[PDB]
Amino acid sequence: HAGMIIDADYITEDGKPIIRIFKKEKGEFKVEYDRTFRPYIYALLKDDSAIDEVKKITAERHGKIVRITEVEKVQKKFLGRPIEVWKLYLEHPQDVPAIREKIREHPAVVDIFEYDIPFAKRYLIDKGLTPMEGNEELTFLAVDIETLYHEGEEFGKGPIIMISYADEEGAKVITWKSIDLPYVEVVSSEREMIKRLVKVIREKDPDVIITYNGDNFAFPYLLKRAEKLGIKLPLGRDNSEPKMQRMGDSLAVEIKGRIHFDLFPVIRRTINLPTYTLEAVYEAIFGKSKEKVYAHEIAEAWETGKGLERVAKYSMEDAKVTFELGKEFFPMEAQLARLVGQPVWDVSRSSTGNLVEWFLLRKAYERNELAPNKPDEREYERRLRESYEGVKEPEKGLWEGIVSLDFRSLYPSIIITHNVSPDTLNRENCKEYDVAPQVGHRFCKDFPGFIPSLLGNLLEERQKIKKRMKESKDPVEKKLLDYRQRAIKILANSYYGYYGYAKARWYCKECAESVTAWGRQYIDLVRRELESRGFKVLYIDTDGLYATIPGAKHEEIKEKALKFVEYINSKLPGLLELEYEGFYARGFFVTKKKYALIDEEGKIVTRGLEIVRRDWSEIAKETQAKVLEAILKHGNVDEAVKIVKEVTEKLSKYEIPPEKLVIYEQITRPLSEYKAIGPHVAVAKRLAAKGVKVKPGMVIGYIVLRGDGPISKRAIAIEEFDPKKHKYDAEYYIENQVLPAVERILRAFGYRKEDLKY
DNA sequence: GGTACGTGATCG
DNA sequence: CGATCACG
Ligand SMILES: [Mg+2]
Ligand SMILES: [Mg+2]
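Okay, here's the thing in structure tokens:
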């Protein structure tokens, strides 16, 4: 007796928390309320007698004192050992951060546990509730906005000039200037356009609102303009406004009762691109071109009133492709949510490490296993500093016909068979153990470890799904089950990396090294078997390898490689599996996770080399693209070296246009809060002194001028740069922009920074 | 309702 | 050098 859980949160009523579970039941929105769930933490005491002193600990919050409501002695498992801890109950979840350190402080408290779990996620776990279960069909709406922007303006100065939305009914634009198009709704003002978006969202009542970077652009901007205009945005199903949440240094927006699905973090994790522009992303997924209308063109069309039909078509397409992309990427996010038992909102905005931790926390509750704590700043830094033990340095030069092989589906099987877990590492009075090669870590065989045990169930569940897929005549369940087995593969293949994740609860350096040591025996086997087949291995890392058959035909390399994977998988026991990732026409390798390739369709794929960001000048970005194109598209490293020598000489002779020398960097604080004054801050302070309203979010465009001292004293605001009066710093653009951009790439061919000038 | 991550440039 | 700051 349940529908599909889409989210969960809590509200406070008479100072007491009420859990809200948002559900979709046979097409209808339902909200369930729970007033009975209580927040709690665990305390490990030196002796049971101490509970009388410990239960009397107090804190303060909201003018009122905070108390431990009730105490309960519980028997749990910690570090693969029985443990007795006290469950300390509180009235409100905001009581936990107020009292937890007062409890930890106590002389009779050995340690505290499970004290930083958000209340609604604590509820989902403890109540055994899993989001996104069932065949419930959700509704979707893509939303986008276009704003009037001028160089280096304060966030929200310019009005919103268009709002676009799309669904299965089509893509529409709301604007407040006359545009004669079938999909354009013309209203009287920015205020009436924002009120129309509110009306469209309330009427369509979508379960999912899809945006492209709506967390940082569309919704913060809508909220800023709504504030300036004195209007509300009752977008929540409870009529609440979209809520900005601070995630890192960037934002995350939640719309209560709905799933705000921002594609930007999703696409950034899923696919590898030098830029994540909507146009680049759409082309990568659907193989279709999308036209861009730049901010300066939008401003010119709006202010002049000429060429506005072009701007409205761009706004309409932004919503249309946002809808198509959302429908493409949501199914996998929905199955990952269900698998880890947390809402899509949170899961779509998480790293795989955090997905593993949410899976582990729920599994720990189900297995009565006390969860280890997250490290403190000291421990987190020490983990970042730790050195692991075990591949080779890449082959130099430009290689043709490159085959890509993936090793990742090897590691879950190694964790399971060798019982690699923090609870099985170096156990006292162990009867039988596995010793890791080289590294020598001992893993107890006496009981299955917490992680190996879960992994085995994950892998068995995936095999059952795959078996149901072969035996199914229904194409609808085959589709759903395919996303489910893919979600398990993604989660299982994230465990190896998680053991080494410095913020992990079940962090285990020895576990990660041991998996690396056992894994290496299979990587050495793959390498040897490839090499006896005539293959040259050009690059090897724990993730995979790149190989070619020097001087062979491309179809021969493919055929032999495909035959090779088929053969190795037949020799490797169990679920240990090698995967043929792909083929590349050309490629070069600099170091670990620093390489560049080109496929047979002419698409360039790189890792850890490209500088397509606003804080790098166009001259450096343009030169680097030209160097990569000379190498990968022309197969000519001599051309790439000549490109760099020409650009640097042209910079020396002041032959490069100043527009290609601009650096852009955002102001993120009040100017007095800066500890180190970088060039953009030095420029910003001068603007503020002139009367400019400098605020966090303002992007500073500057050019570095010739002179003595650090660059900060020699940087000028772009609007103040006069080509007649000012002279840019050619040495800075050569040595700090152009050469660093290309020196890593060209190192793969034997050139040093010094070889790239006349 | 806890506030990302890895990585590289520049300051102090 | 270590610290500080920004990108996407
Ligand atoms: Mg747009
Ligand atoms: Mg939430």
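Sequence positions in the first sequence follow PDB author numbering and run -2 to 387, 390 to 757.
Beta carbons: idealized from backbone N, C-alpha and C, even for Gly.
- In the DSSP assignment, find the unbroken beta strand (DSSP E) run with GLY586 in it and report its ends. 578 to 590
- With distances taken from each beta carbon to the nearest heavy atom of ligand 2, which residues come in below 7 Å, in chain order? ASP4, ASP6, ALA117, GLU251, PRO340, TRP342, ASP343
- Assumed close pair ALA40, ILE109 - CB separation to whole angstroms, cut-off 8 Å: 5 Å
- For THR274, the first and last residue of its enclosing beta strand (DSSP E): Where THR274 is concerned, there is no enclosing beta strand (DSSP E), given that its DSSP letter is neither H nor E.
- Whether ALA740 touches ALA619 by CB criterion (7 Å): yes
- For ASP315, is the beta carbon positioned less than 6 Å from some heavy atom of ligand 1? yes
- Would you check whether ligand 4 has a heavy atom nearer than 6 Å to the C-beta of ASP259? Absence of ligand 4 from the depicted structure is noted, with ligand 1 and ligand 2 being the only ligands included.
- Item | Residue ranges of each alpha helix (DSSP H) within the stretch 179 to 226, 4 or longer | 187 to 201, 215 to 225
- For the alpha helix (DSSP H) containing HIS679, list its first residue and its last residue. 678 to 688
- Task: Would you give the residue range spanned by the beta strand (DSSP E) that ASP6 belongs to?
- Result: 1 to 10
- Message: For ligand 1, I want to know if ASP212 counts as a neighbour, meaning its beta carbon is within less than 6 Å of at least one of the ligand's heavy atoms.
- Response: no
- Burial state of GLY387, where buried means 16 or more other Cβ atoms lie within 10 Å: exposed
- Output the boundary residues of the alpha helix (DSSP H) element that contains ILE268. No alpha helix (DSSP H) contains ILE268, which DSSP labels as neither H nor E.
- Item | First through last residue of the alpha helix (DSSP H) which encompasses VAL661 | No alpha helix (DSSP H) holds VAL661; DSSP gives it neither H nor E.
- Message: For a test of the three-state rule: what should DSSP assign to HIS417, helix, strand or coil?
- Response: coil
- Less than 8 Å between the CB atoms is what I'm expecting for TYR37 and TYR7, so what's the real figure, rounded? The pair is not a contact, with the Cβ atoms about 14 Å apart (cut-off 8 Å).
- Would you check if there are 3 or more beta carbon pairs closer than 8 Å linking the stretch 391 to 409 to the stretch 537 to 544? yes
- Buried or exposed for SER161, please, with buried defined as at least 16 other CB atoms from any protein chain shown within 10 angstroms of its CB. buried
- Query: If you check the beta carbons only, do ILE15 and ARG32 fall under 7 Å apart?
  - Reply: yes
- Query: What do you reckon, is the C-beta of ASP473 under 6 Å from a heavy atom of ligand 1?
  - Reply: no
- Mind checking who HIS257 pairs with in its DSSP beta bridge? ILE206
- Task: Could you check how far apart the C-beta atoms of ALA309 and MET159 are, in whole angstroms? I think they sit under 8 Å.
- Result: 7 Å
- Item | Exposure of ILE62, with buried meaning 16 or more beta-carbon neighbours within 10 Å | exposed
- Task: Given a cut-off of 7 Å, decide if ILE171 and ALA223 are closer than it, judged by their beta-carbon atoms.
- Result: no
- For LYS463, does the three-state DSSP call read helix, strand or coil? helix
- Can you tell which of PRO262, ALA281, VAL263 has its C-alpha closest to the C-alpha of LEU270? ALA281
- Task: Could you tell me whether any non-hydrogen atom of ligand 1 is closer than 6 Å to the CB of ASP141?
- Result: yes
- Task: Could you give the DSSP three-state label for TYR498: helix, strand or coil?
- Result: helix
- Task: Please classify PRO451: does DSSP put it in a helix, a strand, or coil?
- Result: helix
- Query: Once you ignore the five residues that flank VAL438 on each side, which residues in its own chain have a CB closer than 7 Å to its CB?
  - Reply: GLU386, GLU512, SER513, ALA516
- Item | 7 Å Cβ shell around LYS371 - same chain, five flanking residues per side excluded | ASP113, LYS502, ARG504
- Item | Inter-stretch contact at 8 Å, needing at least 3 Cβ pairs: the stretch 130 to 150 / the stretch 315 to 334 | yes
- Query: Using a Cβ-Cβ cut-off of 8 Å (strictly less than) and excluding sequence neighbours within five positions of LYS557, which residues of its own chain qualify?
  - Reply: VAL402, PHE582
- Message: Using 7 Å as the threshold, is the C-beta distance between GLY77 and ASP422 below it?
- Response: yes
- Item | Selected residue, minimal CA-CA separation from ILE122, among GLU238, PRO340, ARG97, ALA688 | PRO340
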